[PDB]
Structure formats: structure tokens, C-alpha cells
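Those protein sequences? They're chains D, G, W, E, Y, Z, L and C, same order as listed. The deposited numbering applies: residue 1 is where the first sequence begins, and numbers increase by one. The deposited numbering applies: residue 52 is where the second sequence begins, and numbers increase by one. The deposited numbering applies: residue 152 is where the third sequence begins, and numbers increase by one. The deposited numbering applies: residue 1 is where the fourth sequence begins, and numbers increase by one. The deposited numbering applies: residue 1 is where the fifth sequence begins, and numbers increase by one. The deposited numbering applies: residue 303 is where the sixth sequence begins, and numbers increase by one. The deposited numbering applies: residue 353 is where the seventh sequence begins, and numbers increase by one. The deposited numbering applies: residue 353 is where the eighth sequence begins, and numbers increase by one. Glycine included, each C-beta is placed from N, C-alpha and C at the ideal position. All remarks here apply to the structure that follows.
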Amino acid sequence: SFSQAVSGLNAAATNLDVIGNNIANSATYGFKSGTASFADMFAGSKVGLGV
Amino acid sequence: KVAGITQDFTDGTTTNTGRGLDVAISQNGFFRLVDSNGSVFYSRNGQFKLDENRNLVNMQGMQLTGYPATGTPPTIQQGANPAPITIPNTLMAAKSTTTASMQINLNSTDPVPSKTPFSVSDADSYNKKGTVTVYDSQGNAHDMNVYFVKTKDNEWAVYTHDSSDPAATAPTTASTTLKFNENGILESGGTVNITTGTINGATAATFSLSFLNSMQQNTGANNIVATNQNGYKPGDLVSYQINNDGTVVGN
Amino acid sequence: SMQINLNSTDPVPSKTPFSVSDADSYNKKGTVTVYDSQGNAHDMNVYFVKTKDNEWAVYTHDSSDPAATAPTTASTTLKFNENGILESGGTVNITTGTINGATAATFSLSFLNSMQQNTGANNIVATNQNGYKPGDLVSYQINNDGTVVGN
Amino acid sequence: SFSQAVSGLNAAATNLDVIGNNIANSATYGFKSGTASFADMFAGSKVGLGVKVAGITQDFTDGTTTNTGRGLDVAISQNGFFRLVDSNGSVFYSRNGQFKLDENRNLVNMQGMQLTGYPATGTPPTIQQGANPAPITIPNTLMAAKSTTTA
Amino acid sequence: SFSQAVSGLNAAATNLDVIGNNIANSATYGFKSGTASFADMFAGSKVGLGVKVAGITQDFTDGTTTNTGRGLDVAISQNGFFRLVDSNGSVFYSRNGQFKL
Amino acid sequence: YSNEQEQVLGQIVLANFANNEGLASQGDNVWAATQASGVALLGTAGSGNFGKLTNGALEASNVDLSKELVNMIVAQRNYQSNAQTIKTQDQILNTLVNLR
Amino acid sequence: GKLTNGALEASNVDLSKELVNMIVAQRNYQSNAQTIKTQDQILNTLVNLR
Amino acid sequence: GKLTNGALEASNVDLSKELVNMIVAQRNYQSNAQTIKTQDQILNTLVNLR
């Protein structure tokens, strides 16, 4: 369904904007890089349901 | 004959919603609610708002019922009966400091302070100045300076002075004395019921200061590694969370 | 009722004696809107001055009555303990003024659960009063308990 | 029979209307997202009777913050709300910070509704925080010179 | 249902042609840019009505003053405006000093 | 000012509510307080429950049109499934009538 | 102000920001096109159900 | 008002607003076609009794 897709779609959106922030704050003194750590979704069903 | 319409109770796909007050389970549990009629109902929806009275309701205004937060520290009570839980703007009142502890690591190579008798205006009268900021029965700030003076081998005079009290005198009579073993471990003198000063109609804090886990270094600096206490300021409210196992906490 | 947290480190105000127009003559001004039997709004200004440690001279003024006398007596006195618990003078009756040929409103003002804050300012937490304007109609609802209501 | 699905059609039509509003209100500053909330009907019958919209709510997260060099574009990032007033004296609340001056040099939004602020009275003025909001007039009033007291 | 989205359409078109103005108006002297600003419409219903222009407001920060060898090329580098009258005596206010004799 | 001394001309009051969700949005970026919103408590920037402010930066909208574009098609498909359950209700009533 | 005589003022646009703002205007125009075409085809299946 | 020299006055129609108005007009045309359709078949179930 659409839930794994939207979860996934967002994950990529927040990862893209974080690494765009890392490109934008390049050579700004004392800036630290940011990485978006993700984690998968599960529930009572055996099949996975997103990130 | 239609034998009856059965629900199925497998959990749906839990959906990550960026809102804060949107807690939904994924097992066979059931949220507990009540309406204004006085009848207890059971739901599973995660849409949780709060009224103008700031009690947590569903979208239909039916109040969530939960185990209360009773005591100071607020905990569960031995009647085990849930109640409509609220998030108030009633401020967190301060309580006097009762247990404060400061851990210290003092070098054993430190010479005895020269300029005797003790003075709080003389840095060469003590070996180490430390600060612990305690709070009294009303709860204003008290920057208790504690003072470490090497008397002799493995023995350290410990003086106390409220810098926040302009009406207080300097410490000249001994508050306590850390006496260490041969091994550098604290033997005795690691506790004192010490009373603060009295400021602006707030009566003084009378707290148990402890020096446990302190140890005498051999070469280094006089170093405070860990201070802790149970006194604080009146915090009104900032935010709140639904914790992951069900309870609600308030920043 | 006006529940309000009071700064314990507020000084006694430098402007002495009390003034209703001069801002530095009091610690904090608050406003509660009350209503009479005719229905006109009276803006009761509560004035908090601190007398010494842990009690407050509370003066009241009916600023919606322009012909009213300035208060020079104590409307009440908020007394606090060492823990900031309200002690006495936390509930007082008070008459308002009249204007446009109305009747005087008299109400019980309540300061219960007012705490004395250590560090901060004086901030009004919650006021509630049972007086209200006249209202013609906006809506009308049929609640599920067979009770018809108008709003 | 038909009631379940006509309720579902009305629910999806309100849902599409809300999210079409939200797509239309992209990149308008201070807009907060629309969200629908649904619930199912029941009765003494064990079968179900459709879906009602339990209510339309907003999404109260923070938007992203775009640094604009215009100094009269004050925004906030936490729970607060700007307190505006209109020409009719009615109080409103908003988060759109696109603030003009008008002719009379008090801070309006780009609609014309004036801000409210705690005024500053004296020489030199301080925050007269008496919980009494007033429209922030920012005039061309001349700095009245004062005397030296401590050189 | 539909009017919200066509409101979003002509709002984005108002964005697009004021931005196409400013791009077409780039690198002339003494123009100060335009900016479209919006607001949502609502009614008694809690559901929406789309978006309108709140207005086309101009930014009034200074452009970078460029050196030019012609002497009749004045330019304010602050918050003043010139003053101009015409053959019909009406007052007008400018910002560039393309001042021919 | 021109003598290079500044004087405070006021402070922008922020306001919070019991709940944000009870706010009845009026016909602008404006919201308005209600009975359902709770009466607004007022203050300044950074005191307790209140908002840390910024100077020239402006707050963009919070919509993510990826989630909006993926929600319109799920509302669209369950709209069409609601259309098909009234469609098959029509067909079962049609074969209910003309059975004789 | 404070006038200079040789220097003449250039424009106010920073055309990087305008050239990146036209793209955002283009794409939320296209998403508004998406919601009118989806209201078109939901009303299409609202007719043709019989 | 202020007459101009060489600029022409282009058209009033914003064609997106008309392209959605033709959509809503044609679909409630189709809805009117469905009510004459159901009036047709309730008339032939009124006729074909005998």
C-alpha cells in the first residue's frame, strides 16, 4: 500500500534536505556534518510496513 | 442464519505522523476513555487532543482515563483506579534541597596551605574552592562554597559558606573533616547535615551534604567530578511528551 | 477568582505611598472584567504591592467607574508561608461601582492556590467569573441526552 | 444499503477538499496544514452505518524558516502566536510575519491588521509589562534630549 | 472542491509573472524588486477556500552601486528617494540617477 | 537614532492557548480564539511555554506536497471504491426488482 | 541618504533566488494541476456509475 | 484613467479558470443526462406493466 511508500518517500526527503544542508554549510567554520539514520517499521504482521 | 458480525483485531499499519499527541498502539490493547455521561468506553484511535480544561480527550471530547501521578515524587497509588488525566499550567513548585553530594579528587602531593588561620578572602588558606547551588524551602539560589584545606597527611578540613547570604559570617569553626585511609579511600567524615542561610523571608535549607565516592589522587589537580542535588527553581511548564511505554511526562 | 504566581524577589516599590496612576507605586497590575445585574462591563484593576517578605497589600479599583474614589485602604492582604502556600486574606468580598444608572455588583474574589514564585515575574495564571453580557442567539443544538440547548 | 457509501463519498470529498486547500496553500507564509478526522457510525444493529467526519484539524508542527533580508519579517519558531487587532478592535491571532508599516507608522500585516505590543513608557522607556497590549506605534518622534547626571 | 486548486493555479501564475518581471527587469538601474505575498481564505466551514494574493509588495533594500565614468550618475545608498515633476506638474519619486541634460 | 542611542518602542506580545486545535481560523492567515480554544494567555519570547523568535527570517508553510500528493490518490481510490459499492448496491437492487 | 555622484545603483534582484523561485512556482502550479485533474476524474466516476 | 502609448490591452480571460469551468459545466451536464436517463427507465417500467 501507500504507507510504506510515504514512509519511504519522506525518509528520502529528510535525507535529501539534510545533505543539502551539509552542502550549503560547506566551508562554514565549525560546522558539523549531519547524517539521517533510519530505522524500519514493524507491527504484529510479519510483513514490514515502512521506515 | 447469520451467525453474527465479528471484528478482526490484527493491528493496522502504524503510520508515522509528525504530530506529538498522536499515540497509537500496535497490539491487542485498548485505550480507555470516558464521556461526560459517566460511562467508561474503550477505543483504539490515536487522535488525542486536550480541552480548554487541558484534559486529554479524543476527537469527540471523550476524556482519556489514566493512572494518576500522586505524591512528591508523583507516582501510582494503592487503590489502582484510573482517572481523567490532565496537563496543567500549574507550576512545578520548588522543594528544599535535602540530599546534595559532591565528589572530589584531591592530589596527595598538595602542600599544606600556608596563610593560617582560614580566610575566605585568602586563596592560600585553602586548597580547593567548590560550588554547589542549592535551593531552600521557598527555593531561591544559594551558591554554597565548600572549602578544602589540607591539615596534614590524608586529612582535609572541609568548610562551608553561603555566598548568597549577605548576613552570614565567614566559616571559622570546622564544618567537617574528610579523613581518608592509607589507600586514598574515604573512611569517615563523608556526610554532614549542613544548614544554609536565610534570605528575604525564605527560611534556610537544611540538607544532607555527602562526600561519598571521593578519593585522594596522588598527582594531579583538586578536581570536582560530580555534584548532584534535589533542589531547584519554580518551573512553570515548557512542553510534554507521551513516553513510549504509556506514561506522560512534562518538561 | 484570580490565581496568580507572585515573585518573592520583587522589591518593595520605590514610589511610596500608593498611587493608582503611577506605575512604580505597585508591583503588578491585573485586570478582571466583572458584570453587574444590568450587564455593563466593569474592569476591576487589582493592584499588587509587597509590604514586607511574604505578604502583599492588595488594592482594588473600578476603572470602568470614572467617578470612583482612589483606594487608600487595603482591599485585602495576601499572606504566604515559607513554602509559598497562601495563608489568609485569600478570599474577600468586594462591591463595584455604578454607571449609566445600573446596580452595584458585589462579588467574592478568590486567590486560592496562588503560589509565591522564587524567581520570575508576576504572571496571572487563571481568572474566572460568572458574570456575562446579554446574548440574543447564535446557535441551538440537540444534544444526545434529549436536552435541547441554545448557545 | 446506500448510506455507508454516500457517507464514504462525502468523507473522501471533504478529504480531497482539505488536501487541495493544502496544496493551494503551499508557500503562503504561516499556513498550517489541514487534516481530516473520521469516525464510524453505529446503532443497535451489529452492522456498520458508514463514516462521519469527526472534525477538521490543523497540523501544529513548525514550518521551515526562510531567511529573508527584510527586517520587517519577524517569525517565531515555537508554540506562540502573534496577537493582531483589526480596524473593528477585535483580537485575532496569527503567525504570518510579513509586516508593513502603514501611513501612521504602526505595524500592520500585509492585510492591514495592526499588531499588539506591550508599550514602552518613560525616558528612557522600559517594558511596561502590565499585561495590557496596545498597537505598536513606531513613530518619527524626536529623541528628547536629557541632562547629564553622571559623567 | 475545485475552486481551491484554481486559486492555487492563479496564485502560482501571479508568482510566475512577477518573478518573470523581476528576471526581465534584472540589470536595469534603479529598479527595486517585487514580491508576491499570499494568504488563505476561509469561511464558516473549517475546510478551505484556496489562496489569494495578499499583495505585490516591493523590497526596499539597496542595490549595489556600480562605478560609472559618467558624472551625472547619482544614486542614494540609503533610504532616500529622488523627486521629479513633469510637464503636468505632478510629483514623482525615483531611485536611479540616469540624469541627462 | 541620529545621536546613536536606542530607546525601546514596545515588545511583540506572543500568545498561547489551552489547545491550538480549538482555534477557529478566520478568513486570512489569522486564527481566532474560541470557547473550544481556551482563552489566550499572553507573554513574550522565551518565557516558559512561549516561542523563541527570529528577526528577518520568515516562517514558510508546513505542507509537504509529497505527502499531499500521496494522500490525494488514496482519497481518490477509496472515493472510487465507495462509488463501486453504491454501484453494486444498484445492481443488486436492479436484479432484486425485475426478478418477478 | 548619503549621496554618491559617480556610482549609479543597480537592480535589487539576486537572480539566483528568482531563478530558483520560478521553479517552486512551476512545481506548485503543477501540483495544483494535479488536484484539479483528480477532482475531474472523481467527478467523472461520480457521473458514470449509473 | 491613465491611457498608454503603444501597449495594447490584452484579453480578460485567464484560460485556466475557463478550463476548469468547462470541466464542471460538462460534468453537471452529464449529471443532467443521468436524471433524464433514470426518468426514461422509470417511464418504461411504468409502461411495461401489462
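According to the DSSP secondary-structure assignment, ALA36/D is paired through a beta bridge with no residue. Secondary structure of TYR186/W (DSSP, three-state): strand.
Taking the CA atoms as reference points, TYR291/G sits about 10 Å from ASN351/Z.
Listed in chain order, the positions of the segment 24 to 48 of chain Y with a beta carbon within less than 7 Å of a beta carbon of chain E are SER37, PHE38, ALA39, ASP40, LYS46, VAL47 and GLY48.
Chain L has a Cβ within less than 8 Å of the Cβ of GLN382/Z. It is roughly 8 Å from the alpha-carbon of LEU72/E to the alpha-carbon of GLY97/E. The beta-carbon of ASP366/C is placed less than 8 Å from the nearest beta-carbon of chain Y. Spanning the alpha carbons of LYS389/Z and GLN4/Y requires a straight line of approximately 29 Å. In the DSSP annotation of this structure, the continuous segment of the alpha helix (DSSP H) that includes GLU370/C starts and ends at 367 to 399.
Using a Cβ-Cβ cut-off of 8 Å, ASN96/G does not count as an interface residue toward chain D, since no Cβ of chain D sits closer than that to its own.
Annotation: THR346/Z to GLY353/Z spans about 8 Å, alpha carbon to alpha carbon. Among the CB atoms of chain W, one or more fall inside 8 Å of the CB of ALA145/G. By the 16-neighbour rule on beta-carbons within 10 angstroms, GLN111/E is buried. Residues of chain Y with a Cβ closer than 8 Å to the Cβ of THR14/E are, in chain order, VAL47. Taking a Cβ-Cβ threshold of 8 Å, none of the residues of chain W is close to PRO217/G; the smallest such distance is about 14 Å. Counting only runs of at least 3 residues, the segment 235 to 286 of chain W fully encloses the following beta strand (DSSP E) elements, listed from N- to C-terminal order: 237 to 239, 242 to 246, 257 to 261 and 274 to 278. Closest in alpha carbon position to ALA54/G, among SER1/E, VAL47/E, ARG83/E and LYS32/E, is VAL47/E.
The way I'd put it, the segment 26 to 45 of chain E does touch the segment 25 to 41 of chain Y; three or more beta-carbon pairs between them come closer than 8 Å.
Listed in chain order, the beta strand (DSSP E) runs fully inside the segment 61 to 121 of chain G are 82 to 85, 91 to 94 and 114 to 117, counting runs of at least 3 residues. Using a CB distance cut-off of 8 Å, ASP287/G counts as an interface residue toward chain Z. In the structure shown, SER7/D falls within a helical segment according to DSSP collapsed to helix, strand and coil. Checking the DSSP bridge columns, you'll see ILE23/Y has no partner listed. By the rule that beta-carbons nearer than 8 Å mark a contact, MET266/W touches chain G. Only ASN109, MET110 and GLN111 from the segment 105 to 124 of chain G bring a Cβ to less than 9 Å from some Cβ of chain E.
Neighbours of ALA253/G in chain W, taken as residues at a C-beta separation under 7 Å, are given in chain order as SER159 and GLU233. Cα atoms of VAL85/E and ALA145/E: separation of roughly 33 Å, rounded to the nearest angstrom. In the three-state reduction of the DSSP assignment, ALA317/Z falls in the strand class, which pools E and B. The Cβ of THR387/L sits closer than 8 Å to at least one Cβ of chain E. Annotated three-state conformation of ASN302/W is coil, per DSSP.
Cα atoms of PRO162/G and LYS284/G: separation of roughly 39 Å, rounded to the nearest angstrom. Distances from the CA of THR184/G to each of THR247/G, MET113/G, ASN156/G and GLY271/G were compared; the closest alpha carbon is that of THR247/G. A check of alpha carbon separations from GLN337/Z across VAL399/Z, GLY324/Z and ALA362/Z identifies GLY324/Z as the nearest.
Listed along chain C, the residues sitting closer than 7 Å to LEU9/Y by beta-carbon distance are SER368.
For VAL276/G, same chain residues with a beta-carbon under 8 Å away, outside a window of 5 residues either side, are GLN154, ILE155 and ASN156 in chain order. In the structure shown, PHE31/E falls within a coil segment according to DSSP collapsed to helix, strand and coil. Taking all protein chains in view, the Cβ of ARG402/Z is surrounded by fewer than 16 other Cβ atoms within 10 Å, so the residue is classified as exposed.
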